[PDB]
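[1] structure for the following, please:
(one chain, ligands or ions: 1)
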Amino acid sequence: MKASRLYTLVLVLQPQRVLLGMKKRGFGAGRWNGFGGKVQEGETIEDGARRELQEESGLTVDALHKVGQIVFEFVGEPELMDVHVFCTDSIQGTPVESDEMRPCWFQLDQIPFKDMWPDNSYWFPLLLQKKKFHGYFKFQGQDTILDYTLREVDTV
Ligand SMILES: Nc1nc2c([nH]c(=O)n2[C@H]2C[C@H](O)[C@@H](COP(=O)(O)OP(=O)(O)OP(=O)(O)O)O2)c(=O)[nH]1
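    Numbering: from 1, shown residues only. The structure is reproduced below:
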């Protein structure tokens, strides 16, 4: 009986590494994140994901593939986040730091889970195995999960 707002999250996943972005400023700074943000009026979810990737990382790609959907709920916030998660298939430039985000590559045996949002530990492994998923996580603040669900699915 809550409303949701649409967000995207994009993982540039290559065979041996993944690109993540360090939030540099404001509340939440200091954590490594996928690239993403609010979907804007009119644009498709995929086009919103492509735009956020360009804005936050500098990479321009023609196409993404959707791998999952995750709902976030925060204690004290009545609006849910409806997060559509995408991976890149191919990229063709270099990442660039903004004043808001610093991109960095991590080898896939060095995924920095302790410095990522806590839910990422649950769904990232499915993403790495090329599986699709649906998830829901309820947070007290930034660090504490009170309830969550995660299910591999055949169709997002
Ligand atoms: N639980 C969880 N929350 C995340 C992840 N990544 C992520 O940005 N968030 C949270 C932090 C923020 O509350 C929200 C992101 O919203 P935002 O306002 O930063 O998005 P945005 O950059 O489009 O905002 P704006 O600059 O356009 O105002 O989602 C994640 O992987 N897991």
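[2] hey, which helix is longest across the chain?
    helix 45-57 (DSSP state H).
[3] so who does the residue lying closest to residue 139 once chain neighbours are set aside touch?
    Leaving aside its chain neighbours, residue 139 sits nearest to residue 74 (5.1 Å; criterion: C-beta to C-beta, 6 or more residues apart in numbering). For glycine as for every other residue, the C-beta is placed from the backbone atoms N, C-alpha and C. Counting by C-beta atoms under 8 Å, 6 or more residues apart in numbering, residue 74 makes contact with 138-141.
[4] how much space separates residue 74 from the ligand?
    7 Å (C-beta to the nearest ligand atom, to the nearest Å).
[5] identify the bridge partners of the residue of the chain found nearest the ligand.
    Nearest to the ligand in the chain, going by C-beta to the nearest ligand atom, is residue 37, at a distance of 2.3 Å. Per DSSP bridges, residues listed as beta-bridge partners of residue 37: residue 8.
[6] quick check: residue 60 touching residue 93?
    Yes: between residue 60 and residue 93 there is a contact at 6.5 Å, judged by C-beta atoms under 8 Å.
[7] how many other residues sit next to the residue of the chain closest to the ligand?
    The tally of other residues near residue 37 (other C-beta atoms under 10 Å) stands at 17.
[8] and for the one 10 residues further on?
    For residue 47, the count of nearby residues is 14 (other C-beta under 10 Å).
[9] write out the residues of the protein neighbouring the ligand.
    By the rule C-beta under 6 Å from any ligand atom, the part of the chain lying against the ligand is 28, 33, 37-38, 72, 81, 117, 119-120, 137.
[10] buried among the residues you listed? Make that a PyMOL selection.
    Here is the PyMOL command that picks out the buried ones among these, judged by 16 or more other C-beta atoms under 10 Å:
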select buried, resi 33+37+72+81+117+119+120+137
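[11] state the pair within the residues of the chain next to the ligand that is farthest apart.
    38 and 120 (19.2 Å; C-beta to C-beta).
[12] now the strands for this structure?
    4-13, 17-23, 32-33, 35-38, 64-74, 80-88, 101-107, 132-140, 144-153 (DSSP state E).
[13] next one: the longest one to chain centre, how far?
    It stands for strand 64-74. Taking C-alpha atoms, centre = their mean, to the nearest Å, one finds strand 64-74 lying 7 Å from the centre of the chain it belongs to.
[14] cool, the first one as well?
    Centroid separation for strand 4-13 versus its chain: 5 Å, with C-alpha atoms, centre = their mean.
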